[PDB]
Amino acid sequence: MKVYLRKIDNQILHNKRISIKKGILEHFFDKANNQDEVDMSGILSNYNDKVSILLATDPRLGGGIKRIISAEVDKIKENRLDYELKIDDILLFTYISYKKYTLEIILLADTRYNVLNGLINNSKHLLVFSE
Amino acid sequence: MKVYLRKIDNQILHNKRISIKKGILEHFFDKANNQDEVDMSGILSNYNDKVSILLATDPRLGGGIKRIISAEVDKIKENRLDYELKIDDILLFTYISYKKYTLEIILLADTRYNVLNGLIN
């Protein structure tokens, strides 16, 4: 299994597309080419959409990436009435199969947060491998 | 950076080695070739050694890997004398930078264990 952890920052909260480093493009998104697409779905919402790899300037996720995130935020708001996606929340991407992924938001309040935040340490990006 | 989580199982204990699968070789050990070495230190011990990637005959970690693991075991034994590496303990490898790694044993009782085991499963 492989997982990609990304901490939310103002650039994500503001921009329409999330930047990723080259290591992530190769080791997690399978060396994708510009304008390639992968399927991605949100864990709480089962909202599924197409997310694009944009390699101009630097590697970025686009397409449906923010709609998936927003759908997950919508599910969390059902239980956490006053919740907005915020800085230092963690995005957890799971590789399912080739060009298929899942996405989950790890809140500060989540029981997994301290350990996952512990692993991310200083970076904003981390790949976690197992098996 | 990246992290590789390897649960101790009966194969590791029986075969007395950490096998290397193709995906881990490519994405965590940077497509190392046979006999390439990386630096690796144990977290609790700060014991530093060289770990070889041995692809001939049975792909595996080699070189100093056994000395790093036991050095961590020895640190754990300071506070739990009967501790031995056991099934379901988790090996936490961290990629620091190119050819440079750290290793830590996560026991069942470590407060990090349940969350890390959750990722594995």
# chains A, B, ... in the order shown; residues from 1 in each chain; ligands from 1
call {"tool": "interface_residues", "arguments": {"of": "chain A", "to": "chain B", "cutoff": "6 Å", "atoms": "only C-alpha atoms", "output": "VMD selection string"}}
result
chain A and resid 27 112 115 126 to 130
call {"tool": "select_by_dssp", "arguments": {"residues": "chain A", "states": "strand (DSSP E or B)", "output": "ChimeraX atom specification"}}
result
/A:2-7,18-19,37-42,48-54,60-63,90-97,100-106,125-130
call {"tool": "residues_around", "arguments": {"residues": "stretch 54-59 of chain A", "least_positions_apart": "3", "cutoff": "6 Å", "atoms": "only C-alpha atoms", "output": "list in words"}}
result
residues 19, 20, 34 and 35 of chain A
call {"tool": "residues_around", "arguments": {"residues": "stretch 40-50 of chain B", "least_positions_apart": "3", "cutoff": "9 Å", "atoms": "only C-alpha atoms", "output": "list in words"}}
result
residues 37, 62, 63, 64, 65, 67, 68, 69, 71, 72, 73, 74, 75, 76, 93, 99, 100, 101, 102, 103, 104 and 105 of chain B
call {"tool": "write_last_selection", "arguments": {"atoms": "C-alpha atoms", "output": "mmCIF file, in the first residue's frame"}}
result
data_model
loop_
_atom_site.group_PDB
_atom_site.id
_atom_site.type_symbol
_atom_site.label_atom_id
_atom_site.label_comp_id
_atom_site.auth_asym_id
_atom_site.auth_seq_id
_atom_site.Cartn_x
_atom_site.Cartn_y
_atom_site.Cartn_z
ATOM 1 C CA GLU B 37 25.072 0.694 0.410
ATOM 2 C CA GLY B 62 22.308 -6.948 4.316
ATOM 3 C CA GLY B 63 25.489 -5.635 5.852
ATOM 4 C CA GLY B 64 24.892 -3.741 9.080
ATOM 5 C CA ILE B 65 21.115 -4.277 9.243
ATOM 6 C CA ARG B 67 23.673 -4.712 14.057
ATOM 7 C CA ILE B 68 21.302 -1.715 13.779
ATOM 8 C CA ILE B 69 18.260 -3.779 14.789
ATOM 9 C CA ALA B 71 21.393 -1.955 18.875
ATOM 10 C CA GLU B 72 17.807 -0.709 19.005
ATOM 11 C CA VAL B 73 16.773 -3.879 20.845
ATOM 12 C CA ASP B 74 19.547 -3.240 23.377
ATOM 13 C CA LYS B 75 18.234 0.286 23.990
ATOM 14 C CA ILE B 76 14.704 -1.052 24.474
ATOM 15 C CA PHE B 93 12.403 3.176 8.265
ATOM 16 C CA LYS B 99 21.278 7.012 0.702
ATOM 17 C CA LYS B 100 20.606 8.136 4.281
ATOM 18 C CA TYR B 101 18.081 6.449 6.565
ATOM 19 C CA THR B 102 17.047 5.942 10.156
ATOM 20 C CA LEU B 103 15.370 2.937 11.766
ATOM 21 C CA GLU B 104 13.180 2.561 14.811
ATOM 22 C CA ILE B 105 11.226 -0.333 16.321
#
call {"tool": "decode", "arguments": {"residues": "stretch 3-50 of chain B", "atoms": "N, CA and C atoms", "output": "PDB file, in the first residue's frame"}}
result
ATOM      1  N   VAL B   3       8.757   7.279   4.434  1.00  0.00           N
ATOM      2  CA  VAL B   3       8.808   6.306   5.471  1.00  0.00           C
ATOM      3  C   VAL B   3       8.372   4.934   4.956  1.00  0.00           C
ATOM      4  N   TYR B   4       8.998   3.870   5.394  1.00  0.00           N
ATOM      5  CA  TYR B   4       8.622   2.543   5.030  1.00  0.00           C
ATOM      6  C   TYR B   4       8.339   1.803   6.338  1.00  0.00           C
ATOM      7  N   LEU B   5       7.161   1.238   6.454  1.00  0.00           N
ATOM      8  CA  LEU B   5       6.710   0.528   7.636  1.00  0.00           C
ATOM      9  C   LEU B   5       6.671  -0.938   7.271  1.00  0.00           C
ATOM     10  N   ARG B   6       7.430  -1.731   8.006  1.00  0.00           N
ATOM     11  CA  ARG B   6       7.568  -3.168   7.773  1.00  0.00           C
ATOM     12  C   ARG B   6       7.238  -3.890   9.065  1.00  0.00           C
ATOM     13  N   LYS B   7       6.125  -4.610   9.087  1.00  0.00           N
ATOM     14  CA  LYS B   7       5.747  -5.376  10.269  1.00  0.00           C
ATOM     15  C   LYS B   7       6.572  -6.663  10.379  1.00  0.00           C
ATOM     16  N   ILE B   8       7.096  -6.927  11.570  1.00  0.00           N
ATOM     17  CA  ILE B   8       7.756  -8.195  11.824  1.00  0.00           C
ATOM     18  C   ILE B   8       6.745  -9.325  11.746  1.00  0.00           C
ATOM     19  N   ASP B   9       7.038 -10.331  10.916  1.00  0.00           N
ATOM     20  CA  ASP B   9       6.194 -11.505  10.769  1.00  0.00           C
ATOM     21  C   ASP B   9       7.054 -12.753  10.863  1.00  0.00           C
ATOM     22  N   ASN B  10       6.399 -13.907  10.712  1.00  0.00           N
ATOM     23  CA  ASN B  10       7.078 -15.180  10.953  1.00  0.00           C
ATOM     24  C   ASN B  10       8.169 -15.409   9.927  1.00  0.00           C
ATOM     25  N   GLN B  11       7.964 -14.915   8.708  1.00  0.00           N
ATOM     26  CA  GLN B  11       8.990 -15.025   7.679  1.00  0.00           C
ATOM     27  C   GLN B  11      10.264 -14.283   8.077  1.00  0.00           C
ATOM     28  N   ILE B  12      10.130 -13.051   8.584  1.00  0.00           N
ATOM     29  CA  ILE B  12      11.312 -12.280   8.985  1.00  0.00           C
ATOM     30  C   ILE B  12      12.038 -13.004  10.105  1.00  0.00           C
ATOM     31  N   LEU B  13      11.284 -13.505  11.092  1.00  0.00           N
ATOM     32  CA  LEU B  13      11.895 -14.197  12.221  1.00  0.00           C
ATOM     33  C   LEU B  13      12.510 -15.515  11.786  1.00  0.00           C
ATOM     34  N   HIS B  14      11.804 -16.262  10.934  1.00  0.00           N
ATOM     35  CA  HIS B  14      12.322 -17.552  10.503  1.00  0.00           C
ATOM     36  C   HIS B  14      13.541 -17.377   9.606  1.00  0.00           C
ATOM     37  N   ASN B  15      13.418 -16.533   8.582  1.00  0.00           N
ATOM     38  CA  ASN B  15      14.447 -16.374   7.565  1.00  0.00           C
ATOM     39  C   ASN B  15      15.574 -15.465   7.992  1.00  0.00           C
ATOM     40  N   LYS B  16      15.411 -14.786   9.125  1.00  0.00           N
ATOM     41  CA  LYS B  16      16.442 -13.945   9.701  1.00  0.00           C
ATOM     42  C   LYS B  16      16.947 -12.899   8.711  1.00  0.00           C
ATOM     43  N   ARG B  17      16.012 -12.240   8.021  1.00  0.00           N
ATOM     44  CA  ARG B  17      16.324 -11.226   7.027  1.00  0.00           C
ATOM     45  C   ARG B  17      15.069 -10.401   6.712  1.00  0.00           C
ATOM     46  N   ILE B  18      15.310  -9.232   6.186  1.00  0.00           N
ATOM     47  CA  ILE B  18      14.287  -8.316   5.702  1.00  0.00           C
ATOM     48  C   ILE B  18      14.306  -8.403   4.180  1.00  0.00           C
ATOM     49  N   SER B  19      13.359  -9.120   3.599  1.00  0.00           N
ATOM     50  CA  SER B  19      13.305  -9.182   2.133  1.00  0.00           C
ATOM     51  C   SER B  19      12.959  -7.812   1.531  1.00  0.00           C
ATOM     52  N   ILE B  20      13.337  -7.630   0.268  1.00  0.00           N
ATOM     53  CA  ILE B  20      13.122  -6.396  -0.486  1.00  0.00           C
ATOM     54  C   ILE B  20      12.269  -6.707  -1.695  1.00  0.00           C
ATOM     55  N   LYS B  21      11.070  -6.135  -1.733  1.00  0.00           N
ATOM     56  CA  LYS B  21      10.194  -6.245  -2.889  1.00  0.00           C
ATOM     57  C   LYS B  21      10.503  -5.146  -3.909  1.00  0.00           C
ATOM     58  N   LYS B  22      10.078  -5.398  -5.148  1.00  0.00           N
ATOM     59  CA  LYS B  22      10.406  -4.532  -6.279  1.00  0.00           C
ATOM     60  C   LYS B  22       9.929  -3.093  -6.064  1.00  0.00           C
ATOM     61  N   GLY B  23       8.745  -2.919  -5.497  1.00  0.00           N
ATOM     62  CA  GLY B  23       8.209  -1.569  -5.333  1.00  0.00           C
ATOM     63  C   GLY B  23       8.982  -0.771  -4.297  1.00  0.00           C
ATOM     64  N   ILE B  24       9.372  -1.428  -3.185  1.00  0.00           N
ATOM     65  CA  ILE B  24      10.150  -0.757  -2.140  1.00  0.00           C
ATOM     66  C   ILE B  24      11.541  -0.409  -2.662  1.00  0.00           C
ATOM     67  N   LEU B  25      12.142  -1.307  -3.434  1.00  0.00           N
ATOM     68  CA  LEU B  25      13.452  -1.038  -4.026  1.00  0.00           C
ATOM     69  C   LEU B  25      13.398   0.213  -4.898  1.00  0.00           C
ATOM     70  N   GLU B  26      12.368   0.304  -5.737  1.00  0.00           N
ATOM     71  CA  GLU B  26      12.242   1.441  -6.652  1.00  0.00           C
ATOM     72  C   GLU B  26      11.927   2.758  -5.927  1.00  0.00           C
ATOM     73  N   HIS B  27      10.928   2.761  -5.044  1.00  0.00           N
ATOM     74  CA  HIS B  27      10.369   4.023  -4.555  1.00  0.00           C
ATOM     75  C   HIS B  27      10.886   4.438  -3.187  1.00  0.00           C
ATOM     76  N   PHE B  28      11.456   3.520  -2.405  1.00  0.00           N
ATOM     77  CA  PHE B  28      12.059   3.881  -1.127  1.00  0.00           C
ATOM     78  C   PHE B  28      13.586   3.810  -1.155  1.00  0.00           C
ATOM     79  N   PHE B  29      14.181   2.848  -1.862  1.00  0.00           N
ATOM     80  CA  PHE B  29      15.631   2.738  -1.928  1.00  0.00           C
ATOM     81  C   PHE B  29      16.190   3.226  -3.273  1.00  0.00           C
ATOM     82  N   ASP B  30      15.391   3.975  -4.053  1.00  0.00           N
ATOM     83  CA  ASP B  30      15.885   4.718  -5.226  1.00  0.00           C
ATOM     84  C   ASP B  30      16.541   3.806  -6.271  1.00  0.00           C
ATOM     85  N   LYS B  31      15.954   2.641  -6.534  1.00  0.00           N
ATOM     86  CA  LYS B  31      16.432   1.781  -7.615  1.00  0.00           C
ATOM     87  C   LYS B  31      17.893   1.364  -7.405  1.00  0.00           C
ATOM     88  N   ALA B  32      18.277   1.168  -6.151  1.00  0.00           N
ATOM     89  CA  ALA B  32      19.610   0.706  -5.832  1.00  0.00           C
ATOM     90  C   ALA B  32      19.926  -0.588  -6.575  1.00  0.00           C
ATOM     91  N   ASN B  33      21.188  -0.733  -6.954  1.00  0.00           N
ATOM     92  CA  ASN B  33      21.672  -1.946  -7.590  1.00  0.00           C
ATOM     93  C   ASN B  33      22.280  -2.860  -6.551  1.00  0.00           C
ATOM     94  N   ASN B  34      22.533  -4.095  -6.969  1.00  0.00           N
ATOM     95  CA  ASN B  34      23.159  -5.059  -6.095  1.00  0.00           C
ATOM     96  C   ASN B  34      24.461  -4.499  -5.524  1.00  0.00           C
ATOM     97  N   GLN B  35      24.593  -4.623  -4.205  1.00  0.00           N
ATOM     98  CA  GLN B  35      25.736  -4.247  -3.368  1.00  0.00           C
ATOM     99  C   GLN B  35      25.812  -2.742  -3.099  1.00  0.00           C
ATOM    100  N   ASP B  36      24.867  -1.952  -3.570  1.00  0.00           N
ATOM    101  CA  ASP B  36      24.815  -0.557  -3.158  1.00  0.00           C
ATOM    102  C   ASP B  36      24.576  -0.487  -1.666  1.00  0.00           C
ATOM    103  N   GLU B  37      25.194   0.496  -1.025  1.00  0.00           N
ATOM    104  CA  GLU B  37      25.072   0.694   0.410  1.00  0.00           C
ATOM    105  C   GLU B  37      24.454   2.050   0.729  1.00  0.00           C
ATOM    106  N   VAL B  38      23.699   2.098   1.831  1.00  0.00           N
ATOM    107  CA  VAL B  38      23.143   3.333   2.356  1.00  0.00           C
ATOM    108  C   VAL B  38      23.632   3.433   3.790  1.00  0.00           C
ATOM    109  N   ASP B  39      23.697   4.639   4.267  1.00  0.00           N
ATOM    110  CA  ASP B  39      23.951   4.873   5.686  1.00  0.00           C
ATOM    111  C   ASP B  39      22.572   4.697   6.371  1.00  0.00           C
ATOM    112  N   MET B  40      22.550   4.160   7.586  1.00  0.00           N
ATOM    113  CA  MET B  40      21.345   3.948   8.374  1.00  0.00           C
ATOM    114  C   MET B  40      21.693   4.000   9.887  1.00  0.00           C
ATOM    115  N   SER B  41      21.010   4.770  10.735  1.00  0.00           N
ATOM    116  CA  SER B  41      21.209   4.837  12.169  1.00  0.00           C
ATOM    117  C   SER B  41      19.935   4.429  12.861  1.00  0.00           C
ATOM    118  N   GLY B  42      20.116   3.845  13.975  1.00  0.00           N
ATOM    119  CA  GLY B  42      19.029   3.493  14.867  1.00  0.00           C
ATOM    120  C   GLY B  42      18.640   4.709  15.695  1.00  0.00           C
ATOM    121  N   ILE B  43      17.334   4.876  15.890  1.00  0.00           N
ATOM    122  CA  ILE B  43      16.825   6.098  16.505  1.00  0.00           C
ATOM    123  C   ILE B  43      17.170   6.160  17.988  1.00  0.00           C
ATOM    124  N   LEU B  44      16.905   5.080  18.728  1.00  0.00           N
ATOM    125  CA  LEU B  44      17.131   5.091  20.170  1.00  0.00           C
ATOM    126  C   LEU B  44      18.611   5.036  20.520  1.00  0.00           C
ATOM    127  N   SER B  45      19.399   4.347  19.707  1.00  0.00           N
ATOM    128  CA  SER B  45      20.795   4.073  20.000  1.00  0.00           C
ATOM    129  C   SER B  45      21.747   5.091  19.389  1.00  0.00           C
ATOM    130  N   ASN B  46      21.321   5.794  18.337  1.00  0.00           N
ATOM    131  CA  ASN B  46      22.208   6.584  17.462  1.00  0.00           C
ATOM    132  C   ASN B  46      23.365   5.746  16.952  1.00  0.00           C
ATOM    133  N   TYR B  47      23.152   4.443  16.825  1.00  0.00           N
ATOM    134  CA  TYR B  47      24.144   3.562  16.226  1.00  0.00           C
ATOM    135  C   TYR B  47      24.057   3.689  14.711  1.00  0.00           C
ATOM    136  N   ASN B  48      25.180   4.024  14.071  1.00  0.00           N
ATOM    137  CA  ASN B  48      25.274   4.218  12.624  1.00  0.00           C
ATOM    138  C   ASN B  48      26.029   3.061  11.993  1.00  0.00           C
ATOM    139  N   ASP B  49      25.524   2.574  10.865  1.00  0.00           N
ATOM    140  CA  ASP B  49      26.185   1.514  10.113  1.00  0.00           C
ATOM    141  C   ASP B  49      25.815   1.649   8.647  1.00  0.00           C
ATOM    142  N   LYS B  50      26.424   0.795   7.823  1.00  0.00           N
ATOM    143  CA  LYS B  50      26.110   0.683   6.405  1.00  0.00           C
ATOM    144  C   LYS B  50      25.198  -0.518   6.162  1.00  0.00           C
TER     145      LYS B  50
END
